[PDB]
């Protein structure tokens, strides 16, 4: 039940999503090992992901969380990179999309820095890079990220050396 709607680059919604993508690039402590060496992106396409069932699943949970947290979902817009982006947009997020070995335990991880999520497009640690050239810093191959609506509710604060 998923359809993808292309946004025009002239659309304010395209422009605000692109700005969040570009403005949240940073340098990484691996010198580019996982995600590649870059300061900015060439945005090729932004598509709205439309699925009524998956949206209703989200809003149902959001209401449960809000009701447990003084009517505050604590909703953010956050990046997600994953080899399973196609599965996610069709079937929704679930336990198969978790980072089992993540530093905060087995769960689904999101980033404020788009460049952090870029490190996971080809797998944990960038895996072996793009399927065509085996290059984690490939400048040719098309990558995909998700910009996601995320309910945090009451969030446990972990101070961490990163």
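Numbering follows the first chain given and starts at 1. Rigid core here is just the name for the largest C-alpha set that superposes within 1.5 Å across the two forms.
Next item on the list: Superpose on the core, then say which of 91 to 99 and 63 to 71 ends up with the larger RMS Cα offset from this form in 9 other deposited structures of this protein.
Entry: Comparing 91 to 99 with 63 to 71, the one that moves more in 9 other deposited structures of this protein is 91 to 99.
Check: Between 100 to 108 and 44 to 52, which has the larger RMS C-alpha deviation from this form in 9 other deposited structures of this protein after core superposition?
Finding: Comparing 100 to 108 with 44 to 52, the larger C-alpha deviation in 9 other deposited structures of this protein belongs to 100 to 108.
Notebook entry, point to check: Per the PDB record, is the mean Cα temperature factor higher over 1 to 9 or over 151 to 159?
Noted result: Result of the comparison: 1 to 9.
Next item on the list: Output the stretch having the higher mean C-alpha B factor in the entry; the candidates are 110 to 118 and 53 to 61.
Entry: The stretch with the larger average C-alpha B-factor is 53 to 61.
Margin query: Split into thirds by Cα B-factor across the chain's modelled residues, where does residue 133 land: lowest, middle or highest?
Written below: As the PDB entry reports it, the C-alpha B-factor of residue 133 lands in the highest third of its chain.
Check: What third of its chain's C-alpha B-factors does residue 45 belong to: lowest, middle or highest?
Finding: For residue 45, the deposited C-alpha B-factor lands in the middle third.
Note to self: Quick check for you: using the entry's CA B-factors within this chain, is residue 26 in the lowest, middle or highest third?
What the structure shows: It falls in the bottom third of the chain.
Item checked: residue 71 CA temperature factor, ranked by third within the chain -> Middle third.
Next item on the list: Going by the recorded CA B-factors, say which third of the chain residue 88 sits in, lowest, middle or highest.
Entry: It falls in the middle third of the chain.
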